[PDB]
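Report on the following structure.
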Ligand SMILES: Cc1cc2nc3c(=O)[nH]c(=O)nc-3n(C[C@H](O)[C@H](O)[C@H](O)CO)c2cc1C
Ligand SMILES: [Cl-]
Ligand code: NA
């Protein structure tokens, strides 16, 4: 009972590189779809497959092709990636097509960024800042801040970890990153998050706090020729311990 | 205008003979085939020139994809039916959906299914329900009625979409569909009087025999309206002569708002 | 041409009601869908209308007028979890979906006991940044971006301390400049007169 | 399973006149299921060049078909339609009555 499962969640590509997105549905659906979603416009269909054994173009097929491999799987191929194919790609399925009320079921999305060169790909720098003592005495609460800065492209997942377990309560991470240089098309990004706890929780010296940022960057096959370290997919973290003082 | 209609049929066969398609779908405007699709060609194609000349290739490409899906759905549905009937061998499944725009501007709309050529499920777009003729159909009725939104969708399709497309096709084919070719009518003896009409379009025609100005409905033999092959139709009606009394016989023909009487001397 | 229009963004208050409009001009009509898409997530189906009228589904209702080519999605008793984009889509005569560009719905939390303050967070030994937190202000406050290109200010974010049934707004500002100070970090914003600035 | 036997009607396109070219029609209708074999006969011999409409569908779920061939009737030549269907134990022949 997985629903629609598409991979990869994130991918950086160089202009001219090939890429296959996978998609599978375990709902015994007959119809599958590939959409792209871009800012300021509605979903645009790339290719669809009304039934097993047939496919056809949608509204924006150029640059793409598909394979309805079987009833479950519908792959999307970018044979020669172009900067304009930077987008978020969604796979969907429906029981049938050519009926009225049947809804679409969507996969989680695949965010693709196509770049002329990988020279501007950077992992985030991650830093954690401990709560203000003034906040603690004024509110009986304590807000930690995590800053993930200088990363490019915007392919990150930030999470907080308290005593080795991910937490969500008391957390707020910016929904969109900040452009550190808003006037540049290739500007690197910044992202802030807060975790707020009771002063009592913060004041137990054995409580451990970690801000973790998963960055999706290059893989072994990607060519790297810059002097700095290859910006591979990696996890960058920073930590703090509760303070009894 | 006269009454006009748009209808699409589907035929599914569970164990077809070699070469025979497992699935066929044909559309009609009035008595004219407009489109065809089957599981051998896998292509939706025009069957009337006024259809081909008014619908671009991307139209035929789109509905080709949709019919490939409808074909698969029909196979799955027939497999379910024949399993629940516990039937071996080859059985048929059929669907008809369509609408009429009547002369007074009122409309009708209909959707029904058949198994082995007999009514199986019949849609009522006013009470939004399916009429089932047996317990196999009853099972399907319950599954389909549990999906209330799809019944609402079909009501809208029958009452709004179907009528909009019918009007579009009526204009496409107006030279054919809205024309009138009046019948040529004659009587001869064969003892029975045969009143015969031919060369007329549209095929709708009413022929009957009158004796002394009274219509003897039960004493008349009505022939079928038959295609002549050239786009026009022919038909006949016969009455038997009483050699024991004198009577005035007359053939009466009504076609496209014109009445004709042929008195037999 | 075929088109579908919905407002780009809407902002309403927690607990209140919002009506999201969608108008369409299409080649025929076989129904209108609403989907919900949380930021960075998949769209999920909310509703379908094809005849005229209103359908209710929990706190959400969807209305359709075919003759006006108009629908709205009505959200009652707004909660923070309703912050999301709402996508309107019409199935046309050829069973193709035309998608609206989406309405981003922003929900203002009801701040019970505002306590606006700008706090200086403690330095990290691994960073040259100084970090300031503007927090606990009421939802009518707007946080302006920075006018100094070497100061970074993020937009307000609502956190929910669920055990304490407590929500609060905050924005973060940071810089590595020597003249950066929390007392002036948010100078380009209109902040409450009683904002608390603890002494340095 | 109810199966319906084909009605078979043989007739000329126009009123026949010896020495005048015409079309001989065989209209097969009301049958179910759809598989069917139709031949036109001249003097008992199958005519080769014989055309037919595509399988057609009636509202009562039965099927119909028109078979035809161009011909010039004479006094001596006899014509017929020969139809086989699952409902027919042997082929049925319907002569053209003019
Ligand atoms: C332009 C057009 C073409 C269609 N072609 C077919 C067809 O070939 N066969 C069919 O069964 N229904 C056809 N339909 C009818 C309808 O979409 C279909 O039967 C749905 O199953 C009705 O709910 C068509 C509808 C439109 C608008
Ligand atoms: Cl007519
Ligand atoms: Na392509």
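Table for the structure above
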{"quantity": "Other protein chain Cβ atoms within 10 Å, averaged over every residue that makes up C:184-192", "calculated": "0"}
{"quantity": "Rounded if a/c under 1.5, otherwise prolate or oblate - the protein assembly as shown, Cα gyration tensor axes", "calculated": "prolate"}
{"quantity": "For segment C:127-200 versus segment B:18-66, the gap between their alpha-carbon centres in whole angstrom", "calculated": "66"}
{"quantity": "A:219, A:187 arranged by Cβ crowding within 10 Å, fewest neighbours leading", "calculated": "A:219, A:187"}
{"quantity": "Number of partner chain Cβ atoms within 10 Å, mean per residue of B:225-235", "calculated": "5"}
{"quantity": "Gap separating the Cα centres of segment A:165-214 and segment C:62-115, nearest whole Å", "calculated": "29"}
{"quantity": "Overall form of segment A:117-244 per C-alpha gyration tensor (a/c, 1.5; a/b vs b/c)", "calculated": "prolate"}
{"quantity": "Footprinting exposure proxy for D:27, C:119 (fewest neighbouring C-beta atoms within 10 Å first)", "calculated": "D:27, C:119"}
{"quantity": "Inter-part distance where segment B:89-145 and segment A:1-48 are each reduced to a Cα centre, Å", "calculated": "38"}
{"quantity": "Förster-model FRET efficiency, 60 Å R0, residue B:260 and residue B:56, C-beta, rounded to 0.05", "calculated": "0.85"}
{"quantity": "Computed FRET value (nearest 0.05) for residue A:59 with residue A:184, which takes r as the C-beta separation and R₀ as 25 Å", "calculated": "0.20"}
{"quantity": "Label-reachable residues, segment D:6-50, where backbone N falls under 14 Å from a point 7 Å from residue D:76's Cα toward its Cβ", "calculated": "D:19, D:43"}
{"quantity": "Per-residue average of Cβ from other chains inside 10 Å of A:38-45", "calculated": "5"}
{"quantity": "Which of B:62, B:68 has the fewest Cβ neighbours within 10 Å, and the rest in rising order", "calculated": "B:62, B:68"}
{"quantity": "Cα shape, segment B:2-179, gyration tensor, a/c 1.5 rule", "calculated": "oblate"}
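None of the figures in this text is laboratory data; all of them are computed from the coordinates on show. Positions of Cβ are generated from backbone atoms using ideal geometry, with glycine treated the same way; all protein chains shown enter the neighbour counts.
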